[PDB]
Amino acid sequence: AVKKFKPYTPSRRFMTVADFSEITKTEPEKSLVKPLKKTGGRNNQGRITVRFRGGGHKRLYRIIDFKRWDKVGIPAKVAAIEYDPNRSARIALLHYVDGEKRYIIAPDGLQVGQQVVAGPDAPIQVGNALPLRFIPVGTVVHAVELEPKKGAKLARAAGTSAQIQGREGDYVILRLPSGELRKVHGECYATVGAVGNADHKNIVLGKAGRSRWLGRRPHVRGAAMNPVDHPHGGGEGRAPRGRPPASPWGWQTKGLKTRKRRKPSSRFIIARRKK
Amino acid sequence: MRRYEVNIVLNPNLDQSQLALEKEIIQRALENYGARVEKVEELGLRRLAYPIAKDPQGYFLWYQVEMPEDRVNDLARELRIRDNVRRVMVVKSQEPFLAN
Amino acid sequence: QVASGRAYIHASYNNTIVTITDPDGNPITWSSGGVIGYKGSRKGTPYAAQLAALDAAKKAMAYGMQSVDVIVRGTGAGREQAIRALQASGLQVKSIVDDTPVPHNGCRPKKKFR
Amino acid sequence: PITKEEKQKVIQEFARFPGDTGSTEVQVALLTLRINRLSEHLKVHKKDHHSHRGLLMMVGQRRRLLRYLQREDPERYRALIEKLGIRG
Amino acid sequence: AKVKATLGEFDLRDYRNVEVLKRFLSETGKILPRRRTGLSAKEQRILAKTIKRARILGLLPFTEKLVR
RNA sequence: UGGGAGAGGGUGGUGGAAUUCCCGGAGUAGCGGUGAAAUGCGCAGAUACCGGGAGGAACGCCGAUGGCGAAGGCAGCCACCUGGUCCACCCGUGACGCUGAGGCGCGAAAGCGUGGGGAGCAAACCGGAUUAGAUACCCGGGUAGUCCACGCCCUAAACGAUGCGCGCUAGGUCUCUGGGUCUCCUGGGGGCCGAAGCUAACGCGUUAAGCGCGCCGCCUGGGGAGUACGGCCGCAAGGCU
Ligand SMILES: [Mg+2]
Ligand SMILES: [Mg+2]
Ligand SMILES: [Mg+2]
Ligand SMILES: [Mg+2]
Ligand SMILES: [Mg+2]
Ligand SMILES: [Mg+2]
Ligand SMILES: [Mg+2]
Ligand SMILES: [Mg+2]
Ligand SMILES: [Mg+2]
Ligand SMILES: [Mg+2]
Ligand SMILES: [Mg+2]
Ligand SMILES: [Mg+2]
Ligand SMILES: [Mg+2]
Ligand SMILES: [Mg+2]
Ligand SMILES: [Mg+2]
Ligand SMILES: [Mg+2]
Ligand SMILES: [Mg+2]
Ligand SMILES: [Mg+2]
Ligand SMILES: [Mg+2]
Ligand SMILES: [Mg+2]
Ligand SMILES: [Mg+2]
Ligand SMILES: [Mg+2]
Ligand SMILES: [Mg+2]
Ligand SMILES: [Mg+2]
Ligand SMILES: [Mg+2]
Ligand SMILES: [Mg+2]
Ligand SMILES: [Mg+2]
Ligand SMILES: [Mg+2]
Ligand SMILES: [Mg+2]
Ligand SMILES: [Mg+2]
Ligand SMILES: [Mg+2]
Ligand SMILES: [Mg+2]
Ligand SMILES: [Mg+2]
Ligand SMILES: [Mg+2]
Ligand SMILES: [Mg+2]
Ligand SMILES: [Mg+2]
Ligand SMILES: [Mg+2]
Ligand SMILES: [Mg+2]
Ligand SMILES: [Mg+2]
Ligand SMILES: [Mg+2]
Ligand SMILES: [Mg+2]
Ligand SMILES: [Mg+2]
Ligand SMILES: [Mg+2]
Ligand SMILES: [Mg+2]
Ligand SMILES: [Mg+2]
Ligand SMILES: [Mg+2]
Ligand SMILES: [Mg+2]
Ligand SMILES: [Mg+2]
Ligand SMILES: [Mg+2]
Ligand SMILES: [Mg+2]
Ligand SMILES: [Mg+2]
Ligand SMILES: [Mg+2]
Ligand SMILES: [Mg+2]
Ligand SMILES: [Mg+2]
Ligand SMILES: [Mg+2]
Ligand SMILES: [Mg+2]
Ligand SMILES: [Mg+2]
Ligand SMILES: [Mg+2]
Ligand SMILES: [Mg+2]
Ligand SMILES: [Mg+2]
Ligand SMILES: [Mg+2]
Ligand SMILES: [Mg+2]
Ligand SMILES: [Mg+2]
Ligand SMILES: [Mg+2]
Ligand SMILES: [Mg+2]
Ligand SMILES: [Mg+2]
Ligand SMILES: [Mg+2]
Ligand SMILES: [Mg+2]
Ligand SMILES: [Mg+2]
Ligand SMILES: [Mg+2]
Ligand SMILES: [Mg+2]
Ligand SMILES: [Mg+2]
Ligand SMILES: [Mg+2]
Ligand SMILES: [Mg+2]
Ligand SMILES: [Mg+2]
Ligand SMILES: [Mg+2]
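Residue numbers (the entry's author numbering), protein chains in the order written: chain 1D, 2 to 276; chain 1f, 1 to 100; chain 1k, 13 to 126; chain 1o, 2 to 89; chain 1r, 20 to 87.
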């Protein structure tokens, strides 16, 4: 669910927060955290390369297992569910039977203390990892490697999940959260179920600073700039766009495809995103 | 508990080892989900009125049992999982109804 | 060239199609109302199917066809008479079957079927 | 559902006397079992209103009865409900 | 030519009695009514459900082509 | 206590036919549509055929003058959870009952909010036709909406234009489901014609609109008007009075 407040300040009348209820432990696993180096958009030159960032609350990065084939056939117990301000999903605190601990993100439906395992012969049940040539066609999955051994790349945000459509040769076919149909590889692990916190998107920040706590600054309109700054800028009084709506760098921003043409991944992409 | 009639249809092409192995899964999965067998009636391959799994034949089983009423559903959900399991119909066993 | 084959009669209120296929089902030749030179409701006539069915058969055998199993779909007033000339054409008409499609209460139809 | 057995145990544990059936005290306890199992039932299937009707008529009965018992044997009115925790 | 006479004892619930059950489905695979099956009300109803279940198991057809 | 039938309601799985689009093979000059035509689609390869895949919705025959439900309403199969109801045996309590202003809950379709979903169909809309005109009836497209979840909304030819319970008053034929002794008898529902009786007539008639008792709602010419005012409810459209 999601929690609302009363209009007891003008910004609460709308604001909404998660309920966390799936939360179990309120303290990260020291040995799994490490410093997250904030950037402010700027790069190895001090120049902003990602407009309008900086000033968000300080965070402490939870190292995550996007491999999980790192330990084949070593079951574990979901010790606790934690919260990672470094992503929209929830992390699962896994105590393997080796003794080693490490973090994953919470598939929807996990329960503290239940057991999970990775491996080809692993059971298809919300919380386990397998390749793709071994998962039942039609099962909703996530945390999908895009290629063998390169780590989970797909379906990693809240409610995100990819469903298996069919099989072809050494590859398999998935439906991405973007409606796209792509050939993935069978030897690329996944994790049954869908990601958690699916109530995320229904969130109303309610006021301006709450976007600052998130490190995302104010975003100005090209209409409010000047011609030296933005293509849309200037013009006495207000004004329409006077041209194909463009980015501050010149190029258009209303239906101009930029996915590189001669890109090999095409051969493995089928249905471009929908809607 | 309750007594039903586990009605299962499996891939007709598998080999004997490919065959009963699924059954073992069935037998175990049966057992795991508090299933107690009674009768049984394995009728082999057979002609179908229409292709299942785009395969005209289909090798049937049939188990009368008695399991906990509150555990039947998770079963079939366990049995339909097999890429070789293709039909699975549970039916509350009921007194026959005769004619003439 | 093929001797035995098939024949499908799509019989509809507004017209009638006659397409002849290879045993596998790959069409080999086809024909319907307008092909013989009719435009409009006149197409929705049996005699059309005759020429239609006929003109399709005539062209068919020209490729070697001599036998074909029959398949009819639809409820057209030009249906049966089409089945006629086909028999009275020059082909052995090895069989007749009505595979007319019918849902089981699926999609809704247009306003004019209610 | 409720088991014939489960039904008996109650019956016996409220029968006025050995071969007691169809008496106020028991007549309330049965409903009380059916009720408490509808409510505990409805706490999930929030949409099945249909069933939710008799649930009212059930309590309607029990409420009709109890007051009869209320009218006749007071001490007996309390003790009972107290044994079932029924007054809200 | 009603059918119930054509047979004797037989389980309306033997949802696997194809050779029997398939006897009540016109050569077009459809279920046959009561002016044609001789079955009664409660009877008739107890059938189909029997047939249907099989028609789901893969035994009986949902429909069949027609031959003239 | 023992049983029986059933689209009663809710959750989760699930089965096949058809429409639409995508991909592949084959194939040619028109398909589609109408009262007739046209817009439209088609040599950039459509229509009709075969094969594979994806997605949504509604469940053909059974099926019906049928069934269940207080109502709206409910229809593929399966299981689970649950309601009401009927029959028998005549076992227990021993008038514990009927009605019900208020209150509360349910409430088809459309409509509203949030988040999904979106094949077919389809208000507004565009187009093509008929017309003196055609902001319509027919045709080609097509957006919301129709589908799911949670919230509202609470109206209707929500009809049997017939409030609910009980008792009394010929029967005949049909049908559903029970019980018997199985010819037939008895309970409970669903239709039909009709005893007396009622009724302004048409009509009803053991499912009364008949003779009665109890309780609630309601009418008091037509229109103005289910409008105005106030009050309540509601996000709004609008509802109640
Ligand atoms: Mg608050
Ligand atoms: Mg609040
Ligand atoms: Mg304020
Ligand atoms: Mg405010
Ligand atoms: Mg708020
Ligand atoms: Mg909260
Ligand atoms: Mg939480
Ligand atoms: Mg929660
Ligand atoms: Mg701390
Ligand atoms: Mg450290
Ligand atoms: Mg770091
Ligand atoms: Mg960094
Ligand atoms: Mg540096
Ligand atoms: Mg430097
Ligand atoms: Mg420098
Ligand atoms: Mg800088
Ligand atoms: Mg940027
Ligand atoms: Mg920045
Ligand atoms: Mg932050
Ligand atoms: Mg959140
Ligand atoms: Mg937001
Ligand atoms: Mg922003
Ligand atoms: Mg701005
Ligand atoms: Mg300016
Ligand atoms: Mg400058
Ligand atoms: Mg410029
Ligand atoms: Mg400008
Ligand atoms: Mg100006
Ligand atoms: Mg201008
Ligand atoms: Mg301009
Ligand atoms: Mg790649
Ligand atoms: Mg399967
Ligand atoms: Mg049986
Ligand atoms: Mg035509
Ligand atoms: Mg009751
Ligand atoms: Mg009371
Ligand atoms: Mg469309
Ligand atoms: Mg093609
Ligand atoms: Mg096709
Ligand atoms: Mg019908
Ligand atoms: Mg009816
Ligand atoms: Mg007695
Ligand atoms: Mg006494
Ligand atoms: Mg009442
Ligand atoms: Mg409503
Ligand atoms: Mg609706
Ligand atoms: Mg809206
Ligand atoms: Mg709005
Ligand atoms: Mg929407
Ligand atoms: Mg659309
Ligand atoms: Mg239209
Ligand atoms: Mg004009
Ligand atoms: Mg005009
Ligand atoms: Mg118009
Ligand atoms: Mg249309
Ligand atoms: Mg809207
Ligand atoms: Mg609107
Ligand atoms: Mg709507
Ligand atoms: Mg809506
Ligand atoms: Mg009302
Ligand atoms: Mg009516
Ligand atoms: Mg009525
Ligand atoms: Mg009225
Ligand atoms: Mg009266
Ligand atoms: Mg009988
Ligand atoms: Mg009667
Ligand atoms: Mg009459
Ligand atoms: Mg008279
Ligand atoms: Mg009078
Ligand atoms: Mg009645
Ligand atoms: Mg009343
Ligand atoms: Mg007046
Ligand atoms: Mg007046
Ligand atoms: Mg009104
Ligand atoms: Mg007002
Ligand atoms: Mg009003």
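Every residue gets a Cβ at the ideal spot worked out from N, C-alpha and C, and that includes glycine.
Interface flag, residue i vs chain 1k, CB-CB below 7 Å
i: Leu-85 (chain 1r); result: yes
Rounded distance between the beta-carbons of residue j and residue i, thought under 8 Å
i: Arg-213 (chain 1D); j: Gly-56 (chain 1D); result: 6 Å
i: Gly-58 (chain 1f); j: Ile-52 (chain 1f); result: 5 Å
i: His-143 (chain 1D); j: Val-196 (chain 1D); result: 5 Å
i: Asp-110 (chain 1k); j: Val-84 (chain 1k); result: 5 Å
i: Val-22 (chain 1r); j: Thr-47 (chain 1r); result: The Cβ separation is near 16 Å, so there is no contact.
Identity of the residue in the options nearest residue i by Cα
i: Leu-10 (chain 1f); options: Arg-36 (chain 1f), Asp-55 (chain 1f) and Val-37 (chain 1f); result: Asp-55 (chain 1f)
i: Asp-20 (chain 1D); options: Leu-206 (chain 1D), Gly-236 (chain 1D), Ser-248 (chain 1D) and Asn-198 (chain 1D); result: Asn-198 (chain 1D)
i: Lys-184 (chain 1D); options: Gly-207 (chain 1D), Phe-269 (chain 1D) and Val-127 (chain 1D); result: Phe-269 (chain 1D)
i: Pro-108 (chain 1D); options: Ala-158 (chain 1D), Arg-273 (chain 1D), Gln-253 (chain 1D) and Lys-35 (chain 1D); result: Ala-158 (chain 1D)
i: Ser-22 (chain 1D); options: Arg-239 (chain 1D), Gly-110 (chain 1D), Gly-128 (chain 1D) and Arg-222 (chain 1D); result: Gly-110 (chain 1D)
i: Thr-25 (chain 1D); options: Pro-8 (chain 1D), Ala-81 (chain 1D) and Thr-10 (chain 1D); result: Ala-81 (chain 1D)
i: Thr-31 (chain 1k); options: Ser-16 (chain 1k), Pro-58 (chain 1k) and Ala-72 (chain 1k); result: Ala-72 (chain 1k)
i: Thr-161 (chain 1D); options: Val-173 (chain 1D), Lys-202 (chain 1D) and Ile-125 (chain 1D); result: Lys-202 (chain 1D)
Cβ of residue i within 7 Å of any chain 1r Cβ
i: residue 128 (chain 1f); result: Here chain 1f covers residues 1 to 100 and nothing more, so residue 128 (chain 1f) does not appear.
i: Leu-45 (chain 1f); result: no
i: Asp-81 (chain 1k); result: no
i: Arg-87 (chain 1f); result: yes
i: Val-109 (chain 1k); result: yes
i: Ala-53 (chain 1f); result: no
i: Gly-58 (chain 1f); result: yes
i: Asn-100 (chain 1f); result: yes
i: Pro-96 (chain 1f); result: yes
Same chain only: Cβ atoms within 8 Å of residue i, ignoring 5 sequence neighbours per side
i: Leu-56 (chain 1o); result: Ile-36, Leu-39, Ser-40 and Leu-43
i: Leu-26 (chain 1r); result: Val-39 and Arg-42
i: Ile-70 (chain 1r); result: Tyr-34, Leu-40, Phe-43, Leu-44, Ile-50 and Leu-79
Bridge-paired residues (DSSP) for residue i
i: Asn-27 (chain 1k); result: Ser-24 (chain 1k)
i: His-51 (chain 1o); result: None; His-51 (chain 1o) has no bridge partner.
i: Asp-30 (chain 1r); result: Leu-98 (chain 1f)
i: residue 155 (chain 1k); result: Absent from the structure is residue 155 (chain 1k), since the part of chain 1k shown begins at 13 and ends at 126.
i: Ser-107 (chain 1k); result: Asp-81 (chain 1k)
i: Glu-7 (chain 1o); result: Its beta-bridge partners do not exist; DSSP assigns none.
i: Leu-155 (chain 1D); result: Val-145 (chain 1D)
i: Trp-42 (chain 1k); result: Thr-31 (chain 1k)
i: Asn-7 (chain 1f); result: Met-89 (chain 1f)
i: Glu-66 (chain 1f); result: Bridge partners of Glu-66 (chain 1f): none, in fact.
Contacts around residue i, its chain only, beta-carbon distance under 7 Å, and the 5 residues preceding and following it disregarded
i: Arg-72 (chain 1r); result: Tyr-34
i: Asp-21 (chain 1o); result: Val-27
Cutoff 6 Å; reference residue i; Cβ partners in own chain excluding five residues on either side
i: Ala-61 (chain 1k); result: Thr-28, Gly-90, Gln-93 and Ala-94
Residue-chain proximity (residue i, chain 1f), Cβ-Cβ < 7 Å
i: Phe-29 (chain 1r); result: yes
i: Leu-76 (chain 1r); result: yes
i: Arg-42 (chain 1r); result: no
i: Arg-32 (chain 1r); result: yes
i: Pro-80 (chain 1r); result: yes
i: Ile-65 (chain 1r); result: yes
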